[PDB]
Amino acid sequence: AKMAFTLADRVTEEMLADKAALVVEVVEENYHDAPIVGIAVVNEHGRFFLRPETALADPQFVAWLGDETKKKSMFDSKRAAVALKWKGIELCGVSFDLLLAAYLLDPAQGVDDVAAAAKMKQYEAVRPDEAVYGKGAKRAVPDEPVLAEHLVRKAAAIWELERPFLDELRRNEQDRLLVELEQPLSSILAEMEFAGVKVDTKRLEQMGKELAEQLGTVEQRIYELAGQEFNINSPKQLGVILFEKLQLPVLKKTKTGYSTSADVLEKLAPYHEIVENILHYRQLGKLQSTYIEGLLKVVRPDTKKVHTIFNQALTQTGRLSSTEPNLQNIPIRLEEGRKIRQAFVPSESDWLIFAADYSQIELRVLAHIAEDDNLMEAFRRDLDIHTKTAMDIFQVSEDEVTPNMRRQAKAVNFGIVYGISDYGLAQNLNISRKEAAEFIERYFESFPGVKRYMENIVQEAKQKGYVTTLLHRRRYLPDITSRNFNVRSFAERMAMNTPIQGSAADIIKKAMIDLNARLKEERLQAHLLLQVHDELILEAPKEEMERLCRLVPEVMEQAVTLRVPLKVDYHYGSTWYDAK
């Protein structure tokens, strides 16, 4: 049965009620400077469809959109807010975002459209977006009649689903998490994405020119050593050259053939000179394809800025994800890749990039939740945690800790945070399973509180069916009761890791909200550009650096109060690379 609604030719007063389900449809996946294909409003007076060209040109509608006292319920309001920002229109008063609500209730549903969220409450009087717009190469906006009914049905679902979703959130004690954390953060992310980050395109192009030369050279060297030409990027063609032709040892295999991962290649290097060249080729290729060419493809030619989109409703732990381009995985560990950061610069003259990062926030969070006396004392003394762990595991003084000892203790620490397992650590340190088990046993003898937490959290996950974070975010783990060892194993590791990774996410998210409030109170021009899980990147006039040096660390360190101190390091400079 068709849903009744008014296909409006002009905006009327009843469309401007102080409470409404609002749909501002942006079909393009990347909503930056994208078209708004239609608008739908559902309130106490009825259901309406408005053509964007009409509504967005109407002074009354635009004022209504920007009136904080006129409440709107939406699905993915950030998408609409940003699309509107590009049109110079402000969106205010969003009091409920169904996407964020669904995400908090259960990240595992993969809810990416109104229909998926509605299905959670037995509401199916709305079609999935893919059914209406199509998929891939056949994706397209349908004629007005079809488009109009779809947007109205989505607004109608939002209108009806608000109460049930808020009730369940309240039951889960997650209503504040939605209203005080995620929704306010959504607005901050919209500002960050809209602002974008300035790119020194000529610097990237220059790097691309040099890389192209080095690539060609290494490429020819590889063919000379292989005794023939082939597609070095082909797993089967490379696997044949290395393991069948050159007969190098097969140390590891994939599900479809031979493994050629970097760690495997490193072990084969001694056997043939072609190996080091392949590694070099891949190193150069990674930078060229993903960080040079890939980055240049998404830079806006008119402003030379990249505008990422922070997916706020995707990760199972509460973290954000970044796309087109992903600005959360720009190289930093190795100098060759780190240089890519010299290309990210301040958007204005006499401005600088300012970066602040939490020092070991996940291990500090673990110390707090596990209430492990030894670990808490270590952080209270602000000790080098990996050296400290080496001292405990190997039972030696600080001076007796060798570089290799610290390296292995470091790996144990990461394993503990990620959800420890003898098999896992054994692969990471290239040792036997029995040897890994010994490291783990030694670790738990030194950190009995951590051991207890790991045991208790897995049992809690089984009893309750989910695990939670400091701010009440939750993750269901049905596989915790799987009869398949491997499957259950993953679930147990997720039970151990989620509260840590997730609580770390809750903390930085609150820090972002607190920071923006302080920047505004202080009248600073400084503003957030990016968030990379445990760090925040801002840009501001050079005249604001000294104040930022005191303000940013304090806000981030005081976001929450834990049993151990929170520590934030910071640096600033002319480019992202220099903010080190």
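Residue positions are given as counts along the sequence shown, with the first one as 1. Definition used throughout: the rigid core is the maximal C-alpha set that superposes within 1.5 Å between two forms.
Farther from the shown form on average, by C-alpha root mean square after a core fit in 8 other deposited structures of this protein, is 133-141, of the stretches 133-141 and 458-466. The segment moving more, judged by mean Cα distance from this form in 8 other deposited structures of this protein after a core overlay, is 418-426 among 151-159 and 418-426. According to the PDB record, 272-280 carries the higher mean C-alpha B-factor of the two stretches 272-280 and 309-317. Mean CA B-factor, 346-354 versus 106-114: the higher value falls on 106-114. Between the residues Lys462, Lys85, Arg433, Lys121, the entry's highest C-alpha temperature factor is the one at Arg433. Going by the entry's values, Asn231 shows the largest Cα B-factor out of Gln183, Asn231, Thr201, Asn326. Among the modelled residues of the chain, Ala55 sits in the highest third by CA temperature factor in this PDB entry.
Among all modelled residues in this chain, the alpha-carbon of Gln408 has a temperature factor (C-alpha) in the middle third.
When the modelled residues of the chain are ordered by C-alpha B-factor, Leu562 sits in the middle third. Ranked within its chain, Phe5 lands in the highest third, by CA B factor from the PDB record. For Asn456, the recorded CA B-factor ranks within the middle third of the chain. Only modelled residues enter the ranking.
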